[PDB]
Engineer: 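Sharing a structure with you now.
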Protein chains: 2
Amino acid sequence: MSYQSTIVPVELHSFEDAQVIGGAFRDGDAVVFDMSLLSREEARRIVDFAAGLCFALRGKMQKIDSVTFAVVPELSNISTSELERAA
Amino acid sequence: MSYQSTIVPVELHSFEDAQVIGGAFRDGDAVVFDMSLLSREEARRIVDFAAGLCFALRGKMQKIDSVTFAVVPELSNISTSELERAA
Ligand SMILES: [Zn+2]
Ligand SMILES: [Zn+2]
Ligand SMILES: [Zn+2]
Ligand SMILES: [Zn+2]
Ligand SMILES: [Zn+2]
Ligand SMILES: [Zn+2]
């Protein structure tokens, strides 16, 4: 999309995958992350890291479904349907 | 200090503290936080949120002692002694 930004759909495997969300989101991309392969404890760690990542850059965090969340950059205008489609 | 930065010392009581650490760090302040009064689960949540803040803004997370951590902004030159003094 315009201004070097896209939606990165990723599948998480463990807490080290916090860096995958981090790398893309810090570079101005929205990230839609699937936590289906994580334990509830691992998923809580990812969501807390993602909340930190989002707060630092004035982004928005949203829950797509039971296992999928998204981090959206500050000046981005991405609807839930677009994040849902990317998921 | 220069460019709207300081050291903010905080005794933490809950995960509600994440937005307080976040609010100050995102503006370029170093934050030194004592987690002695948190459960082990709450302390892990704070550290995961703080790792997300650090990643987003290229900051440094430093363990001061068993219960005290600090988040230092990217271009800040704060020693361990200064963070220890503020704690
Ligand atoms: Zn494009
Ligand atoms: Zn991995
Ligand atoms: Zn000052
Ligand atoms: Zn300041
Ligand atoms: Zn408190
Ligand atoms: Zn309590």
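Throughout, a chain's letter reflects where its sequence line sits, starting with A, and its residues are numbered from 1.
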Engineer: Around A:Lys60, counting heavy atoms of other residues, nucleotides and ligands shown, do more than 12 lie under 6.0 Å from its NZ?
Structural biologist: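 At most 12 heavy atoms, drawn from other residues, nucleotides or ligands, come within 6.0 Å of this atom.
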Engineer: Treating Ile, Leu, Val, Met, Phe, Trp and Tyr as nodes and any side-chain heavy-atom pair under 4.5 angstrom as an edge, say whether B:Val31 and B:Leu38 lie in one connected cluster.
Structural biologist: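 Yes; tracing contacts between hydrophobic side chains, which count when under 4.5 Å, links both residues.
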Engineer: Is it the case that B:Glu16 and B:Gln19 place a side-chain donor and acceptor less than 3.5 Å from each other?
Structural biologist: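 The criterion, which ignores hydrogens and geometry beyond distance, is satisfied for B:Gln19 and B:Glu16.
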Engineer: Do B:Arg45 and A:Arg45 have side-chain heavy atoms sitting under 4.5 Å apart?
Structural biologist: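 A side-chain contact is absent here, since even the closest heavy-atom pair is not under 4.5 Å.
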Engineer: Please check if atom CE in A:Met1 has more than 12 non-hydrogen atoms from other residues, nucleotides or ligands closer than 6.0 Å.
Structural biologist: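 Yes, because the 6.0 Å sphere around CE of A:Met1 holds more than 12 heavy atoms from other groups.
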Engineer: Determine whether the side chains of A:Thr80 and A:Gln62 contain a donor N or O and an acceptor N or O closer than 3.5 Å.
Structural biologist: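 Yes, A:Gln62 and A:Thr80 have a side-chain donor paired with an acceptor closer than 3.5 Å.
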Engineer: What about A:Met61 and A:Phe25, same hydrophobic cluster or not, with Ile/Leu/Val/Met/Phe/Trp/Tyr joined at side-chain heavy-atom distances under 4.5 Å?
Structural biologist: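 Yes, one cluster joins them.
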Engineer: Are B:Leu83 and B:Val8 connected into the same hydrophobic cluster when the rule is that any two of I, L, V, M, F, W, Y join if their side-chain heavy atoms are below 4.5 Å apart?
Structural biologist: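 No: no chain of side-chain contacts under 4.5 Å links B:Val8 to B:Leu83.
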Engineer: Is any side-chain heavy atom of B:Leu75 closer than 4.5 Å to a side-chain heavy atom of B:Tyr3?
Structural biologist: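 No, every pair of side-chain atoms sits at 4.5 Å or beyond.
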Engineer: Indicate yes or no: at least one non-hydrogen side-chain atom of A:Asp29 is less than 4.5 angstrom from one of A:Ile7.
Structural biologist: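 A side-chain contact under 4.5 Å is absent here.
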Engineer: State, with a plain yes or no, whether a side-chain heavy atom of B:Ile46 is found less than 4.5 Å away from one of A:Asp48.
Structural biologist: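 Of all side-chain heavy-atom pairs linking A:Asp48 with B:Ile46, none is under 4.5 Å.
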Engineer: Under 4.5 Å between any side-chain heavy atoms of B:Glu42 and B:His13, yes or no?
Structural biologist: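 No, too far: nothing below the 4.5 Å cut-off.
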Engineer: Can a donor-acceptor pair be found, under 3.5 Å and without considering hydrogens, that links the side chain of A:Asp65 to the backbone of A:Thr68?
Structural biologist: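 Indeed, once roles are kept as given, a pair shorter than 3.5 Å links the two residues.
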Engineer: Say whether B:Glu82 and B:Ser79, considering side chains only, have a donor N or O and an acceptor N or O under 3.5 Å apart.
Structural biologist: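 Indeed, the side chains of B:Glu82 and B:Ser79 share at least one donor-acceptor pair under 3.5 Å.
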Engineer: Between the main-chain N or O of B:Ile78 and the side-chain N or O of B:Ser76, is there a donor-acceptor pair closer than 3.5 Å?
Structural biologist: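 No, because the side chain of B:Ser76 does not come within donor-acceptor range (under 3.5 Å) of the backbone of B:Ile78.
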